[PDB]
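Structure file final.txt; described as compact mmCIF, N, CA, C and O atoms.
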# COMPACT_ATOMS: atom_id res chain seq x y z
N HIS A 1 17.72 172.77 216.39
CA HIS A 1 16.70 172.06 215.57
C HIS A 1 17.22 170.72 215.03
O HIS A 1 16.42 169.83 214.71
N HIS A 2 18.55 170.59 214.95
CA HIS A 2 19.22 169.39 214.42
C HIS A 2 18.55 168.08 214.85
O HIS A 2 18.13 167.28 214.01
N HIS A 3 18.46 167.87 216.17
CA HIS A 3 17.67 166.78 216.75
C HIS A 3 16.95 167.33 217.97
O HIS A 3 16.38 166.58 218.77
N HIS A 4 16.98 168.66 218.09
CA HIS A 4 16.44 169.40 219.23
C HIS A 4 14.92 169.32 219.35
O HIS A 4 14.38 169.17 220.45
N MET A 5 14.22 169.41 218.21
CA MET A 5 12.76 169.35 218.18
C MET A 5 12.22 167.97 218.51
O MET A 5 11.13 167.84 219.06
N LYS A 6 13.00 166.95 218.17
CA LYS A 6 12.63 165.56 218.43
C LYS A 6 12.66 165.22 219.92
O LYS A 6 11.87 164.41 220.40
N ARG A 7 13.60 165.84 220.64
CA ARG A 7 13.80 165.56 222.06
C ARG A 7 12.85 166.37 222.95
O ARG A 7 12.33 165.85 223.94
N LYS A 8 12.64 167.63 222.58
CA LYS A 8 11.82 168.58 223.36
C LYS A 8 10.35 168.17 223.48
O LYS A 8 9.71 168.34 224.56
N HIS A 9 9.81 167.65 222.35
CA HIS A 9 8.44 167.16 222.35
C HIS A 9 8.63 165.66 222.23
O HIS A 9 8.67 165.09 221.12
N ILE A 10 8.81 165.02 223.39
CA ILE A 10 8.98 163.57 223.46
C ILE A 10 7.66 163.02 223.96
O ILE A 10 7.22 161.95 223.54
N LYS A 11 7.03 163.80 224.84
CA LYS A 11 5.77 163.42 225.47
C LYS A 11 4.62 163.55 224.47
O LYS A 11 3.68 162.76 224.48
N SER A 12 4.73 164.55 223.60
CA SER A 12 3.68 164.88 222.65
C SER A 12 3.73 163.97 221.42
O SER A 12 2.70 163.43 221.00
N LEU A 13 4.93 163.80 220.86
CA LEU A 13 5.12 163.01 219.65
C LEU A 13 4.86 161.53 219.86
O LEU A 13 4.41 160.83 218.95
N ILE A 14 5.16 161.04 221.06
CA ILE A 14 4.96 159.63 221.37
C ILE A 14 3.48 159.30 221.50
O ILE A 14 3.06 158.17 221.21
N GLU A 15 2.69 160.29 221.92
CA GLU A 15 1.25 160.13 222.08
C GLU A 15 0.57 159.92 220.73
O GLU A 15 -0.44 159.23 220.64
N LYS A 16 1.15 160.50 219.69
CA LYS A 16 0.65 160.38 218.32
C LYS A 16 0.74 158.95 217.77
O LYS A 16 -0.11 158.53 216.98
N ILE A 17 1.77 158.21 218.18
CA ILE A 17 2.03 156.86 217.67
C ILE A 17 1.11 155.80 218.29
O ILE A 17 1.12 155.60 219.51
N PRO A 18 0.31 155.11 217.44
CA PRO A 18 -0.60 154.05 217.88
C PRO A 18 0.13 152.79 218.32
O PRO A 18 1.18 152.45 217.77
N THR A 19 -0.42 152.10 219.32
CA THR A 19 0.22 150.91 219.89
C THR A 19 -0.31 149.61 219.26
O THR A 19 0.28 148.54 219.46
N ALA A 20 -1.41 149.71 218.52
CA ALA A 20 -1.98 148.56 217.82
C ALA A 20 -1.62 148.58 216.34
O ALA A 20 -1.86 149.58 215.65
N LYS A 21 -1.05 147.48 215.86
CA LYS A 21 -0.60 147.34 214.46
C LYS A 21 -1.63 147.76 213.40
O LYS A 21 -1.30 148.55 212.52
N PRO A 22 -2.88 147.25 213.49
CA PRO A 22 -3.88 147.66 212.49
C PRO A 22 -4.13 149.17 212.49
O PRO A 22 -4.23 149.78 211.43
N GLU A 23 -4.22 149.76 213.68
CA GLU A 23 -4.37 151.21 213.83
C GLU A 23 -3.14 151.97 213.32
O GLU A 23 -3.28 152.97 212.62
N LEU A 24 -1.96 151.46 213.67
CA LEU A 24 -0.69 152.09 213.29
C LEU A 24 -0.40 151.97 211.79
O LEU A 24 0.16 152.88 211.19
N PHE A 25 -0.81 150.85 211.20
CA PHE A 25 -0.67 150.66 209.76
C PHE A 25 -1.65 151.56 209.00
O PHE A 25 -1.40 151.94 207.86
N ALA A 26 -2.76 151.90 209.66
CA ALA A 26 -3.78 152.76 209.08
C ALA A 26 -3.43 154.25 209.18
O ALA A 26 -4.04 155.08 208.51
N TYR A 27 -2.44 154.57 210.02
CA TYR A 27 -2.06 155.95 210.29
C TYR A 27 -1.82 156.76 209.01
O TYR A 27 -1.08 156.31 208.13
N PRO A 28 -2.45 157.94 208.91
CA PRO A 28 -2.31 158.84 207.77
C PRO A 28 -0.91 159.45 207.68
O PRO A 28 -0.68 160.56 208.16
N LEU A 29 0.01 158.71 207.08
CA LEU A 29 1.39 159.15 206.96
C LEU A 29 1.56 160.21 205.87
O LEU A 29 1.14 160.02 204.73
N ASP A 30 2.19 161.32 206.25
CA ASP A 30 2.49 162.38 205.31
C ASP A 30 3.78 162.06 204.56
O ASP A 30 4.88 162.22 205.10
N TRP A 31 3.64 161.60 203.32
CA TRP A 31 4.78 161.22 202.48
C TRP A 31 5.56 162.43 201.95
O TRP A 31 6.67 162.27 201.45
N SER A 32 4.96 163.61 202.05
CA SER A 32 5.56 164.85 201.55
C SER A 32 6.78 165.25 202.36
O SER A 32 7.68 165.93 201.86
N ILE A 33 6.80 164.84 203.63
CA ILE A 33 7.93 165.07 204.51
C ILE A 33 8.97 163.97 204.31
O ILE A 33 10.17 164.18 204.51
N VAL A 34 8.51 162.79 203.90
CA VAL A 34 9.41 161.69 203.55
C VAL A 34 10.07 162.03 202.21
O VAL A 34 9.62 161.62 201.14
N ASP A 35 11.14 162.82 202.29
CA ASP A 35 11.81 163.33 201.10
C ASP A 35 13.16 162.65 200.86
O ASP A 35 13.48 161.66 201.51
N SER A 36 13.93 163.19 199.92
CA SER A 36 15.25 162.68 199.59
C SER A 36 16.22 162.76 200.77
O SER A 36 17.03 161.85 200.98
N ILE A 37 16.13 163.84 201.53
CA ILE A 37 17.02 164.08 202.67
C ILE A 37 16.79 163.10 203.83
O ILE A 37 17.74 162.43 204.27
N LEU A 38 15.54 163.00 204.29
CA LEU A 38 15.17 162.15 205.45
C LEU A 38 15.61 160.70 205.33
O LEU A 38 15.81 160.02 206.34
N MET A 39 15.77 160.23 204.09
CA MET A 39 16.25 158.89 203.79
C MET A 39 17.71 158.67 204.19
O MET A 39 18.04 157.69 204.87
N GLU A 40 18.57 159.59 203.74
CA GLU A 40 20.00 159.49 204.00
C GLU A 40 20.32 159.86 205.45
O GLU A 40 21.20 159.25 206.07
N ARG A 41 19.62 160.86 205.97
CA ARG A 41 19.84 161.34 207.33
C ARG A 41 19.49 160.28 208.38
O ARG A 41 20.36 159.88 209.16
N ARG A 42 18.24 159.81 208.39
CA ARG A 42 17.75 158.95 209.48
C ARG A 42 17.21 157.58 209.08
O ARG A 42 17.38 156.60 209.82
N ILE A 43 16.56 157.51 207.92
CA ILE A 43 15.83 156.30 207.54
C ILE A 43 16.74 155.21 206.99
O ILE A 43 16.79 154.10 207.53
N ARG A 44 17.47 155.55 205.92
CA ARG A 44 18.34 154.58 205.24
C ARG A 44 19.38 153.95 206.18
O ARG A 44 19.55 152.72 206.15
N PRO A 45 20.08 154.76 207.00
CA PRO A 45 21.04 154.14 207.92
C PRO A 45 20.35 153.27 208.96
O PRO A 45 20.88 152.21 209.33
N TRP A 46 19.18 153.70 209.43
CA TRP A 46 18.41 152.96 210.41
C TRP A 46 18.03 151.58 209.89
O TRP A 46 18.08 150.60 210.64
N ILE A 47 17.65 151.52 208.62
CA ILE A 47 17.32 150.26 207.96
C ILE A 47 18.56 149.37 207.89
O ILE A 47 18.51 148.20 208.29
N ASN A 48 19.65 149.94 207.39
CA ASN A 48 20.91 149.21 207.22
C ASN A 48 21.47 148.69 208.54
O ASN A 48 22.04 147.60 208.58
N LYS A 49 21.32 149.47 209.61
CA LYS A 49 21.79 149.05 210.93
C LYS A 49 20.94 147.91 211.49
O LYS A 49 21.48 146.93 212.01
N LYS A 50 19.62 148.03 211.35
CA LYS A 50 18.68 147.03 211.88
C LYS A 50 18.71 145.71 211.10
O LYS A 50 18.30 144.68 211.63
N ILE A 51 19.19 145.75 209.86
CA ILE A 51 19.23 144.56 209.01
C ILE A 51 20.35 143.59 209.41
O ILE A 51 20.28 142.40 209.10
N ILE A 52 21.36 144.11 210.10
CA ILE A 52 22.49 143.30 210.55
C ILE A 52 22.08 142.26 211.60
O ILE A 52 22.57 141.13 211.59
N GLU A 53 21.16 142.65 212.49
CA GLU A 53 20.68 141.78 213.57
C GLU A 53 19.93 140.56 213.04
O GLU A 53 19.98 139.49 213.65
N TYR A 54 19.24 140.73 211.92
CA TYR A 54 18.47 139.66 211.34
C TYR A 54 19.35 138.68 210.52
O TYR A 54 19.16 137.44 210.60
N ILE A 55 20.32 139.25 209.78
CA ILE A 55 21.09 138.45 208.80
C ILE A 55 22.62 138.35 208.98
O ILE A 55 23.20 137.26 208.81
N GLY A 56 23.28 139.47 209.28
CA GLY A 56 24.76 139.52 209.36
C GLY A 56 25.46 139.97 208.06
O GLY A 56 24.94 140.83 207.35
N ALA A 57 22.31 143.35 202.16
CA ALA A 57 23.18 144.26 201.42
C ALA A 57 22.43 144.94 200.27
O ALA A 57 22.15 146.14 200.32
N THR A 58 22.11 144.17 199.23
CA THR A 58 21.36 144.67 198.08
C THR A 58 19.89 144.90 198.42
O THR A 58 19.25 145.79 197.85
N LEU A 59 19.37 144.10 199.34
CA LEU A 59 17.98 144.20 199.80
C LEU A 59 17.68 145.53 200.49
O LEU A 59 16.56 146.03 200.41
N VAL A 60 18.69 146.09 201.15
CA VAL A 60 18.55 147.36 201.88
C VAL A 60 17.96 148.47 201.00
O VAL A 60 17.04 149.17 201.41
N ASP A 61 18.49 148.60 199.78
CA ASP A 61 18.04 149.62 198.84
C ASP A 61 16.62 149.38 198.35
O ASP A 61 15.89 150.33 198.06
N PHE A 62 16.23 148.11 198.25
CA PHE A 62 14.88 147.73 197.85
C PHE A 62 13.83 148.30 198.80
O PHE A 62 12.81 148.84 198.37
N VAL A 63 14.09 148.18 200.10
CA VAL A 63 13.16 148.64 201.13
C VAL A 63 13.05 150.16 201.10
O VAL A 63 11.96 150.71 201.25
N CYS A 64 14.19 150.83 200.90
CA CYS A 64 14.23 152.28 200.81
C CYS A 64 13.35 152.77 199.68
O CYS A 64 12.49 153.62 199.88
N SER A 65 13.55 152.20 198.50
CA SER A 65 12.81 152.58 197.30
C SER A 65 11.30 152.38 197.45
O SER A 65 10.51 153.15 196.89
N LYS A 66 10.91 151.36 198.20
CA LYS A 66 9.49 151.10 198.45
C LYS A 66 8.87 152.13 199.39
O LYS A 66 7.69 152.45 199.26
N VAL A 67 9.66 152.64 200.33
CA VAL A 67 9.20 153.71 201.22
C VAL A 67 9.10 155.01 200.42
O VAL A 67 8.17 155.80 200.62
N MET A 68 10.04 155.20 199.50
CA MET A 68 10.03 156.35 198.60
C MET A 68 8.91 156.25 197.56
O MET A 68 8.41 157.27 197.08
N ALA A 69 8.51 155.02 197.23
CA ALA A 69 7.37 154.78 196.35
C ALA A 69 6.05 154.94 197.10
O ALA A 69 4.97 154.76 196.52
N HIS A 70 6.15 155.27 198.38
CA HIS A 70 5.00 155.50 199.27
C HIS A 70 4.05 154.30 199.32
O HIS A 70 2.83 154.45 199.24
N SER A 71 4.62 153.10 199.47
CA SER A 71 3.84 151.87 199.49
C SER A 71 3.15 151.62 200.83
O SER A 71 3.59 152.11 201.87
N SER A 72 2.07 150.84 200.79
CA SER A 72 1.37 150.42 201.99
C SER A 72 2.30 149.62 202.89
O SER A 72 3.02 148.74 202.41
N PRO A 73 2.30 149.92 204.21
CA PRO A 73 3.17 149.22 205.14
C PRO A 73 3.05 147.69 205.03
O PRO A 73 4.06 146.99 205.09
N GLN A 74 1.83 147.20 204.84
CA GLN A 74 1.58 145.76 204.70
C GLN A 74 2.14 145.20 203.39
O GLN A 74 2.54 144.03 203.34
N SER A 75 2.17 146.02 202.35
CA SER A 75 2.70 145.62 201.05
C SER A 75 4.20 145.32 201.11
O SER A 75 4.67 144.36 200.50
N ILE A 76 4.93 146.16 201.85
CA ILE A 76 6.36 145.97 202.04
C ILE A 76 6.62 144.73 202.90
O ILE A 76 7.42 143.88 202.54
N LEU A 77 5.90 144.64 204.02
CA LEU A 77 6.00 143.51 204.95
C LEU A 77 5.90 142.18 204.21
O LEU A 77 6.66 141.25 204.49
N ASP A 78 4.96 142.09 203.27
CA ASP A 78 4.77 140.90 202.46
C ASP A 78 6.03 140.55 201.68
O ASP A 78 6.44 139.39 201.63
N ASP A 79 6.64 141.57 201.08
CA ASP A 79 7.86 141.40 200.30
C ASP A 79 9.07 141.02 201.17
O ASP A 79 9.93 140.25 200.75
N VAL A 80 9.12 141.58 202.38
CA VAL A 80 10.23 141.33 203.29
C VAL A 80 10.10 139.95 203.96
O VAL A 80 11.11 139.33 204.32
N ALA A 81 8.86 139.48 204.11
CA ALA A 81 8.58 138.16 204.69
C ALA A 81 9.18 137.02 203.87
O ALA A 81 9.36 135.91 204.36
N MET A 82 9.48 137.32 202.61
CA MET A 82 10.10 136.37 201.69
C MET A 82 11.57 136.14 202.05
O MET A 82 12.20 135.21 201.55
N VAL A 83 12.10 137.01 202.91
CA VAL A 83 13.51 136.95 203.31
C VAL A 83 13.69 136.71 204.81
O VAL A 83 14.59 135.98 205.21
N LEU A 84 12.83 137.31 205.63
CA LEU A 84 13.06 137.36 207.08
C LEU A 84 11.95 136.80 207.98
O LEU A 84 11.84 137.19 209.15
N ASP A 85 11.14 135.88 207.45
CA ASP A 85 10.09 135.18 208.23
C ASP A 85 9.20 136.10 209.06
O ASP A 85 8.79 137.17 208.59
N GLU A 86 8.89 135.68 210.29
CA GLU A 86 8.06 136.46 211.21
C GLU A 86 8.84 137.56 211.92
O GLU A 86 8.27 138.36 212.67
N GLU A 87 10.15 137.59 211.69
CA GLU A 87 11.00 138.68 212.17
C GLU A 87 10.76 139.93 211.32
O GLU A 87 10.89 141.06 211.82
N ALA A 88 10.38 139.72 210.06
CA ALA A 88 10.07 140.81 209.13
C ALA A 88 8.82 141.61 209.55
O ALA A 88 8.70 142.79 209.24
N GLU A 89 7.90 140.94 210.24
CA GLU A 89 6.67 141.57 210.73
C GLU A 89 6.98 142.52 211.88
O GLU A 89 6.39 143.59 211.99
N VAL A 90 7.92 142.13 212.73
CA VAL A 90 8.38 142.97 213.83
C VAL A 90 9.17 144.15 213.27
O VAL A 90 9.23 145.22 213.87
N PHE A 91 9.77 143.94 212.10
CA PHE A 91 10.64 144.93 211.47
C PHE A 91 9.89 146.20 211.05
O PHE A 91 10.30 147.31 211.39
N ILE A 92 8.79 146.02 210.32
CA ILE A 92 8.05 147.15 209.75
C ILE A 92 7.27 147.92 210.82
O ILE A 92 7.22 149.15 210.78
N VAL A 93 6.68 147.20 211.77
CA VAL A 93 6.03 147.83 212.92
C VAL A 93 6.95 148.90 213.53
O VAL A 93 6.54 150.06 213.67
N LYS A 94 8.18 148.52 213.84
CA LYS A 94 9.17 149.42 214.43
C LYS A 94 9.58 150.54 213.48
O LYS A 94 9.90 151.65 213.93
N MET A 95 9.58 150.26 212.18
CA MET A 95 9.90 151.27 211.17
C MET A 95 8.78 152.29 211.03
O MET A 95 9.03 153.49 210.86
N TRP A 96 7.54 151.81 211.10
CA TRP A 96 6.40 152.70 210.98
C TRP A 96 6.36 153.67 212.15
O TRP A 96 6.12 154.86 211.98
N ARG A 97 6.66 153.15 213.34
CA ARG A 97 6.82 153.99 214.52
C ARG A 97 7.89 155.06 214.29
O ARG A 97 7.80 156.16 214.85
N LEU A 98 8.89 154.74 213.47
CA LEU A 98 9.96 155.68 213.15
C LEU A 98 9.47 156.75 212.19
O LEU A 98 9.64 157.94 212.44
N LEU A 99 8.85 156.31 211.10
CA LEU A 99 8.32 157.22 210.09
C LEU A 99 7.34 158.21 210.70
O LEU A 99 7.48 159.42 210.50
N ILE A 100 6.37 157.71 211.46
CA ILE A 100 5.40 158.58 212.11
C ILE A 100 6.12 159.63 212.95
O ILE A 100 5.90 160.83 212.77
N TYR A 101 7.00 159.18 213.84
CA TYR A 101 7.77 160.06 214.73
C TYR A 101 8.57 161.12 213.98
O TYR A 101 8.59 162.28 214.38
N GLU A 102 9.23 160.71 212.89
CA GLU A 102 10.06 161.62 212.10
C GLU A 102 9.20 162.62 211.35
O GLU A 102 9.33 163.83 211.55
N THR A 103 8.31 162.11 210.50
CA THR A 103 7.39 162.93 209.71
C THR A 103 6.64 163.93 210.59
O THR A 103 6.53 165.10 210.24
N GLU A 104 6.16 163.46 211.74
CA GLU A 104 5.40 164.30 212.67
C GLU A 104 6.27 165.39 213.31
O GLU A 104 5.80 166.50 213.58
N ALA A 105 7.55 165.08 213.54
CA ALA A 105 8.48 165.98 214.23
C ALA A 105 8.84 167.21 213.40
O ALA A 105 9.02 168.29 213.96
N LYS A 106 8.95 167.04 212.09
CA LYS A 106 9.26 168.16 211.20
C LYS A 106 8.06 169.09 211.01
O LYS A 106 8.20 170.21 210.52
N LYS A 107 6.88 168.61 211.39
CA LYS A 107 5.67 169.43 211.40
C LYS A 107 5.59 170.30 212.65
O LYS A 107 5.02 171.39 212.62
N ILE A 108 6.16 169.80 213.75
CA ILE A 108 6.18 170.52 215.03
C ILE A 108 6.82 171.91 214.90
O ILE A 108 6.39 172.85 215.58
N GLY A 109 7.83 172.02 214.04
CA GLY A 109 8.42 173.32 213.71
C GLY A 109 7.42 174.23 213.02
O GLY A 109 7.04 173.98 211.88
N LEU A 110 6.99 175.26 213.74
CA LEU A 110 5.98 176.20 213.25
C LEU A 110 6.03 177.50 214.05
O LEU A 110 6.64 178.48 213.63
Taking this structure as input, can you express it in the form of structure tokens?
Amino acid sequence: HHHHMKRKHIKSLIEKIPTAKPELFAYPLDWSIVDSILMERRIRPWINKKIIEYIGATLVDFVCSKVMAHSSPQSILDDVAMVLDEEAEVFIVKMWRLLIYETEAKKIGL
């Protein structure tokens, strides 16, 4: 189950993720699965790793807290655009694809 459920349903979970930004931003994200654990396990490091490509520190925690505050994807994007231009728009799209995939995967266990 460690990462076993994520790999086994690759065909199914990927179908859930919308390819259009407005549709994907509208996606009914279950924040109840977005808990304290999922942040340290997969989300927080993913953010910190992806931030290196754009810049080469303190901002990392800001983004985490906003996801934990269950903010609108567009609301965060606006705040990040103050730091990372139009690269910030590509940033959240890819993160939302992550959240959907993760949140959805822990539901597959039943």
Excluding segment 3-13 of chain A and residues on its chain fewer than 3 positions from it, collect all residues at most 8 Å away from it, counting only N, CA, C and O atoms, and give them as a PyMOL selection string.
chain A and resi 16-18+97+100-102+104-106+108-109
Non-local contacts of residue 69 of chain A (12 Å; only C-alpha atoms; under 5 positions in same chain excluded) as an MDAnalysis selection string
chainID A and resid 31:32 34:36 62:64 75:76
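Residues in contact with segment 38-47 of chain A at up to 9 Å, not including ones fewer than 5 positions away on its chain and judged by only C-alpha atoms, are residues 33, 60, 61, 63, 64, 68, 95, 98, 99, 102 and 103 of chain A.
One distance worth recording is that between atom O of residue 94 of chain A and atom CA of residue 110 of chain A, which is 24.9 Å.
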For the atom pair atom N of residue 84 of chain A and atom N of residue 29 of chain A, what is the interatomic distance in Å to one decimal place?
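Interatomic distance here is 25.0 Å.
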Enclose all atoms of segment 37-41 of chain A listed in the file in an axis-aligned box, grow every side by 5 Å, and hand back centre and edge lengths in Å to one decimal, as lines of an AutoDock Vina configuration file.
center_x = 18.2
center_y = 160.9
center_z = 205.3
size_x = 16.0
size_y = 16.4
size_z = 17.6
How many Å separate atom CA of residue 82 of chain A from atom CA of residue 37 of chain A?
28.6 Å
In chain A, what's helix (DSSP H, G or I) per DSSP? Answer as a VMD selection string?
chain A and resid 4 to 8 11 to 16 21 to 26 36 to 54 59 to 68 73 to 84 87 to 108
Taking (10.6, 143.7, 205.0) in the file's own coordinates, collect the residues within 8 Å, counting all atoms listed in the file, and hand them back as a ChimeraX atom specification.
/A:59,63,73,75-85,87-89,91-92
Generate the output file for the selected residues, N, CA, C and O atoms, as a PDB file, in the frame of the given file.
ATOM      1  N   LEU A  59      19.370 144.100 199.340  1.00  0.00           N
ATOM      2  CA  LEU A  59      17.980 144.200 199.800  1.00  0.00           C
ATOM      3  C   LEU A  59      17.680 145.530 200.490  1.00  0.00           C
ATOM      4  O   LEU A  59      16.560 146.030 200.410  1.00  0.00           O
ATOM      5  N   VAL A  63      14.090 148.180 200.100  1.00  0.00           N
ATOM      6  CA  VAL A  63      13.160 148.640 201.130  1.00  0.00           C
ATOM      7  C   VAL A  63      13.050 150.160 201.100  1.00  0.00           C
ATOM      8  O   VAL A  63      11.960 150.710 201.250  1.00  0.00           O
ATOM      9  N   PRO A  73       2.300 149.920 204.210  1.00  0.00           N
ATOM     10  CA  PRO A  73       3.170 149.220 205.140  1.00  0.00           C
ATOM     11  C   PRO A  73       3.050 147.690 205.030  1.00  0.00           C
ATOM     12  O   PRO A  73       4.060 146.990 205.090  1.00  0.00           O
ATOM     13  N   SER A  75       2.170 146.020 202.350  1.00  0.00           N
ATOM     14  CA  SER A  75       2.700 145.620 201.050  1.00  0.00           C
ATOM     15  C   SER A  75       4.200 145.320 201.110  1.00  0.00           C
ATOM     16  O   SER A  75       4.670 144.360 200.500  1.00  0.00           O
ATOM     17  N   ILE A  76       4.930 146.160 201.850  1.00  0.00           N
ATOM     18  CA  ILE A  76       6.360 145.970 202.040  1.00  0.00           C
ATOM     19  C   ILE A  76       6.620 144.730 202.900  1.00  0.00           C
ATOM     20  O   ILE A  76       7.420 143.880 202.540  1.00  0.00           O
ATOM     21  N   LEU A  77       5.900 144.640 204.020  1.00  0.00           N
ATOM     22  CA  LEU A  77       6.000 143.510 204.950  1.00  0.00           C
ATOM     23  C   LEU A  77       5.900 142.180 204.210  1.00  0.00           C
ATOM     24  O   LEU A  77       6.660 141.250 204.490  1.00  0.00           O
ATOM     25  N   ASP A  78       4.960 142.090 203.270  1.00  0.00           N
ATOM     26  CA  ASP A  78       4.770 140.900 202.460  1.00  0.00           C
ATOM     27  C   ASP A  78       6.030 140.550 201.680  1.00  0.00           C
ATOM     28  O   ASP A  78       6.440 139.390 201.630  1.00  0.00           O
ATOM     29  N   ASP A  79       6.640 141.570 201.080  1.00  0.00           N
ATOM     30  CA  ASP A  79       7.860 141.400 200.300  1.00  0.00           C
ATOM     31  C   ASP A  79       9.070 141.020 201.170  1.00  0.00           C
ATOM     32  O   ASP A  79       9.930 140.250 200.750  1.00  0.00           O
ATOM     33  N   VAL A  80       9.120 141.580 202.380  1.00  0.00           N
ATOM     34  CA  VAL A  80      10.230 141.330 203.290  1.00  0.00           C
ATOM     35  C   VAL A  80      10.100 139.950 203.960  1.00  0.00           C
ATOM     36  O   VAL A  80      11.110 139.330 204.320  1.00  0.00           O
ATOM     37  N   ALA A  81       8.860 139.480 204.110  1.00  0.00           N
ATOM     38  CA  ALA A  81       8.580 138.160 204.690  1.00  0.00           C
ATOM     39  C   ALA A  81       9.180 137.020 203.870  1.00  0.00           C
ATOM     40  O   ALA A  81       9.360 135.910 204.360  1.00  0.00           O
ATOM     41  N   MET A  82       9.480 137.320 202.610  1.00  0.00           N
ATOM     42  CA  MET A  82      10.100 136.370 201.690  1.00  0.00           C
ATOM     43  C   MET A  82      11.570 136.140 202.050  1.00  0.00           C
ATOM     44  O   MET A  82      12.200 135.210 201.550  1.00  0.00           O
ATOM     45  N   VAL A  83      12.100 137.010 202.910  1.00  0.00           N
ATOM     46  CA  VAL A  83      13.510 136.950 203.310  1.00  0.00           C
ATOM     47  C   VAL A  83      13.690 136.710 204.810  1.00  0.00           C
ATOM     48  O   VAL A  83      14.590 135.980 205.210  1.00  0.00           O
ATOM     49  N   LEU A  84      12.830 137.310 205.630  1.00  0.00           N
ATOM     50  CA  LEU A  84      13.060 137.360 207.080  1.00  0.00           C
ATOM     51  C   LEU A  84      11.950 136.800 207.980  1.00  0.00           C
ATOM     52  O   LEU A  84      11.840 137.190 209.150  1.00  0.00           O
ATOM     53  N   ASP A  85      11.140 135.880 207.450  1.00  0.00           N
ATOM     54  CA  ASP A  85      10.090 135.180 208.230  1.00  0.00           C
ATOM     55  C   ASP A  85       9.200 136.100 209.060  1.00  0.00           C
ATOM     56  O   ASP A  85       8.790 137.170 208.590  1.00  0.00           O
ATOM     57  N   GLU A  87      10.150 137.590 211.690  1.00  0.00           N
ATOM     58  CA  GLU A  87      11.000 138.680 212.170  1.00  0.00           C
ATOM     59  C   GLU A  87      10.760 139.930 211.320  1.00  0.00           C
ATOM     60  O   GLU A  87      10.890 141.060 211.820  1.00  0.00           O
ATOM     61  N   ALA A  88      10.380 139.720 210.060  1.00  0.00           N
ATOM     62  CA  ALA A  88      10.070 140.810 209.130  1.00  0.00           C
ATOM     63  C   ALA A  88       8.820 141.610 209.550  1.00  0.00           C
ATOM     64  O   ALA A  88       8.700 142.790 209.240  1.00  0.00           O
ATOM     65  N   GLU A  89       7.900 140.940 210.240  1.00  0.00           N
ATOM     66  CA  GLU A  89       6.670 141.570 210.730  1.00  0.00           C
ATOM     67  C   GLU A  89       6.980 142.520 211.880  1.00  0.00           C
ATOM     68  O   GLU A  89       6.390 143.590 211.990  1.00  0.00           O
ATOM     69  N   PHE A  91       9.770 143.940 212.100  1.00  0.00           N
ATOM     70  CA  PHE A  91      10.640 144.930 211.470  1.00  0.00           C
ATOM     71  C   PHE A  91       9.890 146.200 211.050  1.00  0.00           C
ATOM     72  O   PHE A  91      10.300 147.310 211.390  1.00  0.00           O
ATOM     73  N   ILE A  92       8.790 146.020 210.320  1.00  0.00           N
ATOM     74  CA  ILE A  92       8.050 147.150 209.750  1.00  0.00           C
ATOM     75  C   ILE A  92       7.270 147.920 210.820  1.00  0.00           C
ATOM     76  O   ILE A  92       7.220 149.150 210.780  1.00  0.00           O
TER      77      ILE A  92
END
Could you tell me which of A:74, A:49, A:20, A:30 comes closest to residue 107 of chain A if we count only C-alpha atoms?
A:30
